[PDB]
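Trainee: coords please:
(12 chains, ligands or ions: 5)
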Amino acid sequence: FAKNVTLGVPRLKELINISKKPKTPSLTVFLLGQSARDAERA
Amino acid sequence: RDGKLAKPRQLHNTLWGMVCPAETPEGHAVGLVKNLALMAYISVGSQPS
Amino acid sequence: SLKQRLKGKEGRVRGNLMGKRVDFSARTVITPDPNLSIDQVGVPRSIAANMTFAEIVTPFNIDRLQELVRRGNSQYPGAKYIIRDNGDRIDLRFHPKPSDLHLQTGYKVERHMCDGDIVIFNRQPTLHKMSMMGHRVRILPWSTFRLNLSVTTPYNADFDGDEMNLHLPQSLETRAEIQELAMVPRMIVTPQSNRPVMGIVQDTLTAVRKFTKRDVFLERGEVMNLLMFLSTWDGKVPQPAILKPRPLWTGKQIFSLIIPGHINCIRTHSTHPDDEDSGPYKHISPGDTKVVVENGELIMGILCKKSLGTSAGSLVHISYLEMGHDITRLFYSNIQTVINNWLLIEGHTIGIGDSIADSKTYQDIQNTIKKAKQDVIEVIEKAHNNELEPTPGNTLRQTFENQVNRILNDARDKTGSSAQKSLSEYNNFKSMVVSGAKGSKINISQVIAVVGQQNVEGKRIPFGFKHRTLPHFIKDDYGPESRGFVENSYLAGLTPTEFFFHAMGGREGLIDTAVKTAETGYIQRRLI
Amino acid sequence: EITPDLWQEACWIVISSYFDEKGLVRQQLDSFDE
Amino acid sequence: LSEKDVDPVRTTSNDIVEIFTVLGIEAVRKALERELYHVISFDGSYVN
Amino acid sequence: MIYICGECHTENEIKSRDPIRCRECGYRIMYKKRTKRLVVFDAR
Amino acid sequence: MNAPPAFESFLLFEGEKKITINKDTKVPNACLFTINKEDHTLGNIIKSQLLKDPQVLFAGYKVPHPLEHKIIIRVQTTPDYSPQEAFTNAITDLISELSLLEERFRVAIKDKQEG
Amino acid sequence: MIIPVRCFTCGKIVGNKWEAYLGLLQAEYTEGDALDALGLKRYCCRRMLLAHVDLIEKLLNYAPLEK
Amino acid sequence: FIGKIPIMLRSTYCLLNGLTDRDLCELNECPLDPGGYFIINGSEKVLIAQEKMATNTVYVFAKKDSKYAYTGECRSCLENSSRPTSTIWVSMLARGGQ
Amino acid sequence: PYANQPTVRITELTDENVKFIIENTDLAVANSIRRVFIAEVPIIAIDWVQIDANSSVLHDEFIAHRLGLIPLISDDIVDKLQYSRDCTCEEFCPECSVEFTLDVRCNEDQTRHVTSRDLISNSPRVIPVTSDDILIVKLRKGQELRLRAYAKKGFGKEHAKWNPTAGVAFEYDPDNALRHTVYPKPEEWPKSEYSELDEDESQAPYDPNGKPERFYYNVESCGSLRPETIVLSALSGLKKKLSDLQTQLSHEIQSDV
Amino acid sequence: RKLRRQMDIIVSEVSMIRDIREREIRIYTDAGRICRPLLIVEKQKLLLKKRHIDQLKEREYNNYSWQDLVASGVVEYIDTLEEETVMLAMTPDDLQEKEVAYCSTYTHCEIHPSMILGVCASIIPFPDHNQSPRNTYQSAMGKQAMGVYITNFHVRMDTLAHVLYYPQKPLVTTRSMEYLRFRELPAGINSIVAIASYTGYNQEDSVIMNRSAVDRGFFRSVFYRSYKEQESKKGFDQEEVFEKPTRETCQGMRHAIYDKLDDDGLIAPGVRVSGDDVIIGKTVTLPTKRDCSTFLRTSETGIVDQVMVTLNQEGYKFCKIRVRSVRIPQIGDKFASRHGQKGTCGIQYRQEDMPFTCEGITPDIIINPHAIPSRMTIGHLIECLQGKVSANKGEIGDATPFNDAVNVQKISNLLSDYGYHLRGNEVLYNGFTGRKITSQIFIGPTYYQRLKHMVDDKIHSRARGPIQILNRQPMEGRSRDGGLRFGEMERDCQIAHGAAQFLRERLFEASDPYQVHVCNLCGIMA
RNA sequence: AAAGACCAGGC
Ligand SMILES: [Mg+2]
Ligand SMILES: [Zn+2]
Ligand SMILES: [Zn+2]
Ligand SMILES: [Zn+2]
Ligand SMILES: [Zn+2]
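Mentor: Numbering: from 1, shown residues only, chains lettered A, B, ... in the order given. Ligands and ions are numbered 1, 2, ... in the order given. You can find the structure just below:
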């Protein structure tokens, strides 16, 4: 330290240990059709 | 001192005039060892009769 | 128990097999020495007298080693022990021992460490392999290790109570191996980030910046004095840039002699605006920024951390890649010596006058701070009467805090820009920042204009007391002063509440530095 | 009967009186006395 | 990923275990490289 | 062997393997009476 | 314990020569003067007195390391004029200058006192 | 402890100027005027007397090891 | 006689209590010495104040992963007359069904 | 290729100060003459200290250090006196050293000031600058101090106790006309004592052809050597060093050729 | 509140709290609560009036002290959880008087804001102009500053007693340092400090000291070390005794010199002792004799200051010996300002070599300007300016943290009133060539303190010395002539080099080598 | 004195 993701040493530790439960597991999503451009379908 | 909890070590608003903010040892004991302010006085105790 | 003996740190395996205490190792305080070479390390006489390197007597060196034996252990350039063929060890410290001073080929004589010896130099928060490099011994008076300041960066050392280990290889095989693998010139460029690790840093960098400008002009005697500190100088004095009415050389002209061989490199000075490359004067550079080094000659530009520093494509990186480690070592040393000896002429400093702006600038900064306070008060009042709409994904408190933080950050950035715009070309803070030796623009902003918002755990100063930061403030006060925004600057001095809030802010950095190191070290050990 | 613009003298006078009366280790001395 | 109108090629997550269970081991290799690169170069540093 | 006292500062004669007891003072602390052999100090 | 004796900036112990001349092979008729146990007081003095000579092309002094007491003076002259002769002439020039200055200062002090 | 002779920066004798400085301070003069009357024009000299503290008086309170 | 108690220097029961500067100098003691330390086997020992939670008051804390959603505790001691402390917890069983 | 002719005028000359201006000379020679004032001027100061009894609250080498810094009048006999290293005799002899004897015991209750007056020398020429009194140590009742000291001949290179001078004020180009230093704001810099320009203007106009000359001096003696003897012996010592260098150079040239 | 103010039933220590929103009233008489005094405000005016200050000015011979001030209902001891319910004013002359309305219900006013600092942080001049981490560093470093720690040090014989020759009270001081008794026992000395890059030997955090000043006693100190010894009877016929052993009467004997010992085996004070010298002659009667004498630590080369003999608790003969060694600041010693500007001594130039002002002033310490811009010590520059103005004016500068009456502009104008540049800059001449330095150097007297950390006590060298009893590896520590440790990270770094046999030497040959005979059929030693 | 613990401190 509004998406918040662990960075720095704790994130490196999580990646190295492959923690089964990361502190802030996030999943970015991309849209194929008109929902990508139009805000209502998004 | 080995504890990685960074919360107790932090300088609190509650320490104003009570404990010196700047003065503290360096190393594993940062914040966990505090030296008294100039005007700070410790209550000695009294019977509440 | 036996299991406790065979355990982790201080156990048998980790504490006596993977790592162990070694003979032939010395440690003392380090001290800067610009007059030493890059690969050279200053060694006190007592350490060299105690430290011994075993040498095998041959008909080539029988006379010199016999002389060293005759000197004994009293005089420094001597030997402490003699080892015969059968392995019996002879001590020259006790009594003259006249019958045993005879030397014949095949014996081992343990002479004291001398100049040119090969040693491993270590400072041991060893993160990467450059934290331990082989050095060349030069004996100096007094009692501290001395090493060149470009070598400072790989070791991460600073000359304040720092201590470094000195390991002396005891065999010819390991000595040659350290010479051909771990020497300081051989490790200028890292495999970690394919950049040079050593770079012209601090005093020599600032003086390079002040010496590379068009403004500098050097007379005859100053040119001679600078030229003799160039070790690779061919002995031909270059024709001065100005011949009439009087012969005046230029800083770039003399610096071009330092650049080895025929090095071609193009860089940009930190001051370089982005408008120059688009419009005219692209190759003329009215501010003399950008860098062009053609045929090993500095044609134009100002040198800074972007050119001589530790960065990809830097001038020193090009020197290492095109020429080689040996010549780049001399390039480093010549830069250091000649530039320090020119700063002996020009001089550098920092003072109170360097940390104050014009009265108009102070008035502008005060007006900006007042406007910021008015805007944040208006935002607080608007949130109070519920006109503040919540930004999606954020609660009303989150949006209010975001608005306040944006206002305060914009105010601080504007004040910093105004303060940096007010610095004269002679200002020493600006001279240090543009050179990249030390400091930054935010540092000048904090010194001159505004310290800025103080944050604890990434948020504005919390309510340690009951809905108030300090007893001096009213309850539920979200204003900039109450929540930790420091209006004053370091030059002006912080108010007591601002002083306490700044103490809280610095406590965060102190705790992070003290607490992250253990976990980082554990991560490094696991990876290794 | 007030102290305007003379505060710098008065505050340090009362601080000096405090430190002459109590000292620096007064907390230790009082704790052991109790 | 199974959901309609969600791009199946570019959608990804920062955690590694579910990538291992869903997309395989080479996808884990690539995603772990991406996560390490992000956490290293976020501050602006560069590692070869 | 002469020791000078820490309270009354009157020199007393006492050999080894005898208890430390200052005469006419009642003190238990003795001192060594700086030696007679002379050392050279430079003025630097 | 490693502090050198105070008398190592002026005292010459056994073995070292006060001055040493080594010719410079990089350029013609240029020599290298090495003065042992001596510092800027005369390094600068011969450096500046050499520059007065129109027949000297290069002239200077340097200290290889402040912790050591040594001066390296490099002199390059015009052909048919040895740098050793220039260095000797500069030293004699400085001797004459100092003698004249001492005489003038004695005259000035005699004028100032009861005058 | 005691007033150091030979002011560190330049070398001017100030070991003899302590008692006179104390007298001038005790009778009329302020520190600036007392230092001026002692002929200390360079502030490196004036810092020697002005910032000096004389523990030699405190050390003399204790009884000598020998009477 | 049941034992000897070390005496903090310059306290009320110390022999240096109430002595003037000259009296302290006659005792080869520094008048500026604040005291407040014990002399144990010749060495000078100073007791450092130790922090601890205030006793006999009610506190409420919330743990992130405990089975308790909100936990109230009272570290209780009786006039410091006897026993170190007897502490009691009153908590709420989160949300997961029992 | 020959000497420029220097001229000297003496502005102020007292028993503790001499103020002179050196003209028509080079910058390096002025600087070297300034440095010889501090470094190369011979002087007599206490070096060898032996203490018989030291009851003072100051330990032995503390009072020895204080004794060594005591200035001694060497206006005349410093030249005839030889360095102890070059002296034929072992240890010290009157032709290489001066003996000082100190003997003070405090009997009265009031504190006794052991001063430079209490130092007793065998020869009357070297008095510790007492024709107030330099304080060595203070003694309470019952304390005693007896020591024997030898004073040697040395110069400022060896130790600062052999510095014959106080702060030597050197200055050239008072109104900055050579632009050796550039004032970022010339108007806020105080004008020097030797400044020759009017009050309204700040710096003299830049002189491209100028070279440093008219080097203003201010030599303040520490009381050991009277201030004019300091500069005279400085010039003599610099000339002697140059002559010795000349002799060694000539020998080297004959040897190598 | 009235009863506590007049101290009839409730002592001033007891704390009373009213939590209005939660309807609780808490009265605490417990021990261990932390409290500080605060002035009492009634309406918008202090209860501290002119008469209280008038009576406190005459505090001597008046029997009117702090206790009578507290008993008058003027000052009150407010602890923390009562401070929660209090509303404080920073200063009375600013926050009590009518202005743009912020608060009108002030109940207490702070004595002085500088009282929030501790003992070590109070000596910092202008601490509000510094970066807080640097204030922390200076606070933790002032405990290591060297000076006269106590006035009776001559009679106390304790190990590692560091004493400075000429401590000075700072030119720029805080009002609290008077109450810290720092004036009477200073730790450090003011020094003319030039912030410049002269020869590059002060780069990083290093400093350049003036060799002439150091020779004049600048930062010169003394180092006392105490040696205790206990003669005792342990065995039936086994006993210990102080005496000077002869060449052949004892079985154990070291090649150290014993001739300095007296008849009782104790060296009288005034005898110079170097490394390996025997301090106390002590032997053990073996059930002929065994020498257990104590030697000096290696290469101290000191002079025996004091030797005291007495009886211990058991009545056995007991000896303590103190040896002093005067240590001149070398180019390895550690020096710091009062702002966390720590650093080692780069090199010591004589007065000739150091740059000089037009008045002949040569800085005693030159620090690199590169330290200042990054770590934010502006109070260092302000302290330097204030020292420069105070040494000229003749006053001792006032550096109370929160004055608001001492601006940088005010100090600048005061300095300009004395013929110097208003910003403290001074034109400097090169020490070597005599040429004017093009930049104008910032010069002024700044308080500097010598630190305990000194190179002579830190330098170590090892070459085949003592080995451990169990691992047969080099010992641990400098005092035991132990070898340096080649830790795990060291071998990993060497593996990165691909330096196989250098690692083999470091971990097998330089350290413990050994040979074992192992069977060929079984893999076990034979 | 030996290894054990504790403490303080430097980077
Ligand atoms: Mg460091
Ligand atoms: Zn007695
Ligand atoms: Zn002075
Ligand atoms: Zn003789
Ligand atoms: Zn077998």
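Trainee: check contacts around the closest residue to ligand 4 within the stretch 1-150 of chain K.
Mentor: In the stretch 1-150 of chain K, the residue that lies nearest ligand 4 is residue K:146 (40.1 Å; C-beta to the ion). C-beta coordinates here come from the backbone N, C-alpha and C atoms, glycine included. Neighbour list for residue K:146: K:162, K:163, K:164, K:187, K:188, K:221, K:449, K:450, K:451, K:452 [criterion: C-beta atoms under 8 Å, 6 or more residues apart in numbering or on different chains].
Trainee: gap between it and ligand 5?
Mentor: Distance of residue K:146 to ligand 5, given as C-beta to the ion, to the nearest Å: 64 Å.
Trainee: give me the phi and psi for that residue.
Mentor: Backbone geometry at residue K:146, expressed as degrees, to the nearest 10, gives phi -100, psi 130.
Trainee: same thing with residue K:73?
Mentor: With angles defined as degrees, to the nearest 10, residue K:73 sits at phi 70, psi 20.
Trainee: okay, and the residue nearest the centre of chain G sits in which element?
Mentor: For chain G, the residue nearest the mean C-alpha position is residue G:46 (3.9 Å; C-alpha atoms, centre = their mean). Residue G:46 belongs to helix G:40-52 when assigned by DSSP states H and E.
Trainee: now the strands for chain B?
Mentor: Counting by DSSP state E, chain B has strands at residues B:41-42.
Trainee: show me the contacts for the residue most central in space within it.
Mentor: Centroid-nearest residue in chain B: residue B:34, 4.1 Å away (criterion: C-alpha atoms, centre = their mean). By C-beta under 8 Å, 6+ apart, the contact set of residue B:34 is B:15, B:19, B:20, B:23, B:24.
Trainee: part of a helix, is residue K:358?
Mentor: No - assessed with DSSP: H, G, I helix; E, B strand; the rest coil, residue K:358 is coil; it does not lie in a helix.
Trainee: surely it meets residue J:171?
Mentor: Yes - in this structure, residue K:358 is within contact of residue J:171 by C-beta atoms under 8 Å, at 4.6 Å.
Trainee: and for these two, which residues touch both?
Mentor: Residues within reach of residue K:358 and of residue J:171 at once, by C-beta under 8 Å, 6+ apart, are J:192, K:429.
Trainee: mind checking how far the spatially most central residue of chain D is from residue C:173?
Mentor: The residue lying closest to the centre of chain D (C-alpha atoms, centre = their mean) is residue D:18, at 1.7 Å. The gap separating residue D:18 from residue C:173 is 73 Å, by C-beta to C-beta, to the nearest Å.
Trainee: next: residue C:429.
Mentor: Residue C:429 sits 52 Å away from residue C:173, taking C-beta to C-beta as the criterion.
Trainee: neighbour count: those two, which is higher?
Mentor: The neighbour comparison of residue C:429 against residue C:173 (other C-beta atoms under 10 Å in any protein chain shown) goes to residue C:429, with 23 against 13.
Trainee: tell me the secondary structure for that one?
Mentor: Of the three states, residue C:429 takes helix according to three-state DSSP.
Trainee: thought the residue nearest to the centre of chain D was touching residue K:68?
Mentor: No - if you go by C-beta under 8 Å, residue D:18 and residue K:68 don't touch, sitting 11.9 Å apart.
Trainee: buried ones in the host helix or strand of residue J:49?
Mentor: Using DSSP H and E, the element containing residue J:49 is strand J:43-54. Residues of strand J:43-54 classed as buried: J:43, J:44, J:45, J:46, J:47, J:48, J:49, J:51, J:54 (neighbour count, 16 or more other C-beta atoms under 10 Å in any protein chain shown).
Trainee: just give me the neighbour total for the residue lying closest to residue C:301 once chain neighbours are set aside.
Mentor: Nearest residue to residue C:301 in three dimensions, chain neighbours excluded: residue C:291, at 3.6 Å (C-beta to C-beta, 6 or more residues apart in numbering or on different chains). Around residue C:291 there are 25 other residues, counting by other C-beta under 10 Å.
Trainee: neighbours around residue K:397, how many?
Mentor: By other C-beta under 10 Å, neighbour count at residue K:397 equals 25.
Trainee: relative to residue K:126, how far out is it?
Mentor: Residue K:397 is 10 Å from residue K:126, where distance means C-beta to C-beta.
Trainee: for the helix or strand where residue C:47 lies, name the packing helices and strands.
Mentor: If you go by DSSP H and E, residue C:47 is part of helix C:45-50. If you count contacts as 3 or more C-beta pairs under 8 Å, 6 or more residues apart in numbering or on different chains; DSSP states H and E, helix C:45-50 packs onto strand C:25-32, strand C:132-140, strand K:460-462.
Trainee: turn these into JSON lines, including mean neighbour count and distance to ligand 4.
Mentor: JSON lines is the format used below for the helices and strands packed on helix C:45-50 (neighbours: other C-beta atoms under 10 Å in any protein chain shown; distance: least, C-beta to the ion, whole Å):
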{"stretch": "strand C:25-32", "mean neighbour count": "26", "distance to ligand 4": "40"}
{"stretch": "strand C:132-140", "mean neighbour count": "25", "distance to ligand 4": "35"}
{"stretch": "strand K:460-462", "mean neighbour count": "24", "distance to ligand 4": "40"}
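Trainee: relative to chain H, which of those is closest?
Mentor: strand C:25-32 (22.4 Å; C-beta to the nearest C-beta).
Trainee: residue G:56 against residue G:89, yeah?
Mentor: No - applying C-beta under 8 Å as the test, residue G:56 and residue G:89 come out as separate, 9.7 Å apart.
Trainee: contacting residues for the residue nearest to the centre of chain G?
Mentor: Residue G:46 sits next to G:61, G:73, G:87, G:90, G:91, G:94 when contact means C-beta under 8 Å, 6+ apart.
Trainee: of all of chain H, which residue lies closest to chain I?
Mentor: In chain H, the residue that lies nearest chain I is residue H:61 (4.1 Å; C-beta to the nearest C-beta).
Trainee: burial of the closest residue to that residue other than its chain neighbours, as a residue count?
Mentor: Nearest residue to residue H:61, sequence neighbours excluded (C-beta to C-beta, 6+ apart): residue I:25, at 4.1 Å. Applying other C-beta under 10 Å, we find 20 residues neighbouring residue I:25.
Trainee: from residue K:155, how far out is residue I:25?
Mentor: Distance, residue I:25 to residue K:155, using C-beta to C-beta: 10 Å.
Trainee: spit out the residues that contact the two alike.
Mentor: Contact criterion C-beta under 8 Å, 6+ apart; residues shared by residue I:25 and residue K:155: residue H:62.
Trainee: list the contacts for the residue nearest the centre of chain F?
Mentor: The structure's chain F has its C-alpha centroid closest to residue F:3; by C-alpha atoms, centre = their mean the separation is 2.4 Å. Contact analysis of residue F:3 by C-beta under 8 Å, 6+ apart lists F:11, F:12, F:14, F:20, F:30, F:31, F:32, F:33, K:309.
Trainee: quickly list what the second one is bridged to.
Mentor: Think residue F:12. residue F:3 (DSSP bridges).
Trainee: can I assume it is in contact with residue F:23?
Mentor: Yes - in this structure, residue F:12 is within contact of residue F:23 by C-beta under 8 Å, at 5.0 Å.
Trainee: what distance do you get for residue C:382 to ligand 1?
Mentor: Distance from residue C:382 to ligand 1, by C-beta to the ion: 49 Å.
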